[PDB]
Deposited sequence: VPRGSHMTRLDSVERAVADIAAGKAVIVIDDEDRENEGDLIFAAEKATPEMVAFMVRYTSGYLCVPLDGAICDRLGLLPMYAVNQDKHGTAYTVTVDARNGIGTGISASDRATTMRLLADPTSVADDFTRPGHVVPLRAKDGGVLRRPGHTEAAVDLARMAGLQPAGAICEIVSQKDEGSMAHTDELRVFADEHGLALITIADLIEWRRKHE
């Protein structure tokens, strides 16, 4: 059988509406992805529920330069101000939104923390076909700050089987399911 994939257009519209999507790369693996600026306690709580471990914030290179995250997971951050210990859904949502804020600088944050910033390659999935790049691409395509929030979904037995389970899971929560391959193809034709 061939499992249904959503259109990239639907994934982008979900991202814009502040919803999450699931992105597969036919290379490893599905990640849950939303735009970092759209982080809420409820969406972080949802991500935390299904994360294999880390919650990451893919960032455009220009953001990383501004934050001092040079090309040179050991960097973790929390928002310095307006949070508890940094681990709550609400705290992590604040941290994520701050990372997407076009005026944030290193000292708006503390180290160590509960969110992992990641540097996306310039050019996005056209340059490097990774989940990190896809997240930034989707946020930017949605008209948002070029900053995403990602996690690997807890898996673990078979290839065809992974995709079918992801499709059901997506549908139970109203999420779009796409591949990086389709994102590449869309971008290439719509850029």
Could you give the ranges of the deposited sequence that carry no C-alpha coordinates? 1-5, 34-36, 81-91, 175-176
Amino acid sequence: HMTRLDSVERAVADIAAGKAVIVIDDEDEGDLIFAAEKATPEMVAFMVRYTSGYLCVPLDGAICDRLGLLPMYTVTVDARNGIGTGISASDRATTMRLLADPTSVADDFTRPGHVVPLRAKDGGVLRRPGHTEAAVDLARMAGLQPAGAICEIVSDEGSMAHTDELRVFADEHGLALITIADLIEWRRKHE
From here on, numbers count along this sequence of modelled residues.
Please work out which of 98-106 and 79-87 has the higher mean CA B-factor as recorded in the PDB entry. 79-87
Output the stretch having the higher mean C-alpha B factor in the entry; the candidates are 131-139 and 50-58. 50-58
Here the Cα B-factor of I22, set against its chain, lands in the third termed lowest
Of the three thirds of the chain ranked by Cα temperature factor, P71 occupies the highest
Where the record places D164 (Cα B-factor, split into thirds across the chain): highest
Third of chain Cα B-factors occupied by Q145: lowest
Thinking about Cα B factors across the chain, which third does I153 belong to? highest
